[PDB]
Each structure stands twice: as structure tokens, then as C-alpha cells.
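Just the heavy atoms: all of them, side chains too, but no hydrogens, waters or symmetry mates, feed the values below. Counting starts at 1 for both ligands and their atoms, following the listed order. In what follows, chains carry the letters A, B, and so on, assigned in the order in which the sequence lines appear, proteins first and then strands, with residues in each chain numbered from 1.
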Amino acid sequence: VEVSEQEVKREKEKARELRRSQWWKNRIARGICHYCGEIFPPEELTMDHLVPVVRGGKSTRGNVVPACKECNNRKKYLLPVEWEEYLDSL
Amino acid sequence: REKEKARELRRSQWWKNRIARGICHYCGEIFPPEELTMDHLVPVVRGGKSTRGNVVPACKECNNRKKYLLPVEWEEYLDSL
Amino acid sequence: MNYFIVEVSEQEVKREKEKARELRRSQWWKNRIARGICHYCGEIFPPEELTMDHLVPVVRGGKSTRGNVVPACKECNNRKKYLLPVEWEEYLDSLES
Ligand SMILES: [Mg+2]
Ligand SMILES: [Zn+2]
Ligand SMILES: [Zn+2]
Ligand SMILES: [Zn+2]
């Protein structure tokens, strides 16, 4: 269910374009990380996609969420089973 | 179905503090626990589970407008925010 | 509107986070929280319930000094972080007595 490159980019555009609007602006202003609920400086939060871009995931308010480096990273490498033990360890 | 884990999160701590800060994911505004609902970012229909990641606070407007406005009409609600 | 980016190195952030740790242990600080007054809401709390807050955040250039350091209660300390400048004002302006 992988997508093409002119798509994996076709969205990473709607990303930077969303990443630059009131919604995302204030969102990072607050500093609250979606996953662990902790507060961080607006810079230490990343735009993370629930359903990946390379799986048909769109870049919208209904699929993109603020995440800190920490949570956002573990999400990438931890195993789908490990990701839970981590969020459930918080 | 997963409506089990569903009402579960609602009684959890991550969600208590969540609906206490009162931030709606969609419009970024703050509301009272009475105006906030729990919504699944990744619809449950398409096989979305009920877990910290795929569940966010949403005021009635955003929750209903997304759950009822056509694909083209929901996108318009946001552009107006 | 002209604008510029100001950067705060991680060397500077630690530097301030250390002076803070030292400032937090001073007789001077112990005295300040001993009074138990929250700088933001002016409500009274037990010394355990107060934390040190920088009016001007360290990542925004602020320093760890008596002037920029202030005692704050749990609620005020966070709300000052996740509420935008306007929700904060209203939050303050909505404290009775
Ligand atoms: Mg902040
Ligand atoms: Zn996090
Ligand atoms: Zn809303
Ligand atoms: Zn206070």
C-alpha cells in the first residue's frame, strides 16, 4: 500500500503549507505534545503524521499532530508493540 | 467493538488532564469539559483503534461538523476558522 | 514588519539551568517561597507547592537571576506555558480574591 514519490512529496507540501497557518502556529505556541502531554518550547515539537504519507496518509488537521522529538522518534523506531508499552509507561 | 478501550481512555489520566486543558485539536480553542468530546483522528471504520495516539479532544462543533459535513464542506469549515 | 531570529545556544541554556539549580538552593530563594506567595495569582501555598519560574523563559534568552526568577504555584506555572498571551491575561484578570 506504498505511494509514489510525486505523492510522498505532493503531501509534504500540504504539510509545510499547514505547518504555516494559525492552527499549527498556536498549536506549537502552546507547546503541548500530543502523545505524552508534556509542554516543550515551540521549536522542540514536530509535525507528525498518524497515517504515514507513504501509505496514503494526507497532511491535514485530521491526521497530523504536534509531537516532541522524544515521542516522535520512538514512534518511528519502536515496534508497534513497544510504542504502547512506552505511552503506557508514561 | 473497540468501544471498549474507547470509554476506557475517558477514565484514564492522560485524558483527564487532556480534557482539563480543554484544547480542541481541530480549532485550537479552549472549552469546558461539557463542550469537549473524544474523537478518533483515524476513523474507527477504517480500522482505527482507541489509543493515546489516535484519540483527540474536539468541541461539539468540530466533532459534529467533521462527522456530518461532506468531504468538500468539512475542508471549508476549517478554512473559515 | 521587520523581524529577526535570536538564537540561544544549548551551551547558554545549560549555563542558565545550572545557575538556576544553584539559585534554587540559596537562602534567598528558600526565604522567598517560605512566604508562600504565588507571583502570578498572589494566592498562598505551602513551600512544597511552589516552583521556580523564569518570567522570561531561558530558551527565550532569559537569565537565572533574582530579577527574572519568581515563585509560582503548579497551575500558574503551566498555564503560563500553554495559554497564549491573551488567554493568560484573561486567566489572570479572572482571579477574584
Ligand atoms: Mg509554550
Ligand atoms: Zn512527547
Ligand atoms: Zn473545535
Ligand atoms: Zn498561582
Side-chain angles (χ1 to χ4, degrees), chain A residues 22-24 26-28 30-48 50 60-62 65-76 78 83-84 86-90, chain B residues 14 17-19 21-39 41 52-53 56-69 74 77-81, chain C residues 32-33 35-53 55 70-83 88-89 91-97:
Chain A
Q22 294 324 307
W23 179 75
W24 191 252
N26 318 308
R27 220 46 165 55
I28 47 183
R30 286 181 160 35
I32 319 179
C33 166
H34 177 64
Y35 298 104
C36 67
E38 293 287 45
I39 306 168
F40 306 69
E43 324 98 68
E44 306 193 61
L45 302 175
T46 322
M47 175 170 271
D48 167 60
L50 259 59
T60 61
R61 328 240 286 212
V65 85
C68 66
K69 303 175 300 183
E70 197 53 296
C71 291
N72 177 69
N73 297 175
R74 313 224 180 187
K75 168 195 181 68
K76 266 236 61 176
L78 288 178
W83 186 224
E84 266 41 59
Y86 168 73
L87 294 172
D88 301 8
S89 74
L90 300 163
Chain B
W14 113 277
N17 306 51
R18 213 77 160 66
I19 55 72
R21 271 160 176 174
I23 319 287
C24 182
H25 176 76
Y26 298 100
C27 68
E29 287 308 302
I30 297 184
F31 310 68
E34 274 39 67
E35 293 197 56
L36 291 179
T37 325
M38 171 189 268
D39 189 63
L41 305 168
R52 271 212 186 200
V56 93
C59 65
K60 313 112 64 178
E61 179 153 68
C62 282
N63 177 288
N64 285 36
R65 285 175 165 283
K66 177 187 185 174
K67 291 175 67 299
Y68 305 116
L69 294 187
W74 157 257
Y77 163 59
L78 302 172
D79 288 66
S80 71
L81 290 181
Chain C
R32 188 102 91 94
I33 50 179
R35 304 174 181 163
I37 294 302
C38 170
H39 185 255
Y40 297 113
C41 63
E43 190 175 321
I44 302 188
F45 305 68
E48 286 59 53
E49 296 194 62
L50 299 189
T51 316
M52 175 177 70
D53 186 32
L55 287 172
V70 105
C73 76
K74 175 170 52 185
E75 186 178 302
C76 273
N77 183 54
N78 303 297
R79 276 163 175 286
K80 186 181 178 55
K81 265 186 291 59
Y82 74 70
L83 289 190
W88 177 245
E89 252 70 303
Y91 166 71
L92 290 182
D93 297 15
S94 65
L95 298 163
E96 188 73 17
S97 291

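The nearest N, O or S atom of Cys38(C) is closer to the Zn ion (ligand 4) than 2.8 Å. For residue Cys36(A), an N/O/S atom approaches the Zn ion (ligand 2) to within less than 2.8 Å.
Although no hydrogens or angles enter the test, the distance criterion places a donor-acceptor pair under 3.5 Å between the side chain of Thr37(B) and the main chain of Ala58(B).
With salt bridges taken as basic N to acidic carboxylate O contacts below 4.0 Å, one links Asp48(A) and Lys75(A).
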Inset, instruction - Verify side-chain hydrogen bond (donor to acceptor under 3.5 Å, both in side chains) between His25(B) and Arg27(A), making sure each step is shown before the conclusion. - result: CA-CA 8 Å; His25(B) 176 76; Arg27(A) 220 46 165 55; 2.6 Å; yes
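When rounded to 10 degrees, the angle formed at the Zn ion (ligand 2) by SG (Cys68(A)) and SG (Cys71(A)) equals 100°.
Within the 4.5 Å cutoff, side-chain heavy atoms of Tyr35(A) are placed close to those of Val65(A).
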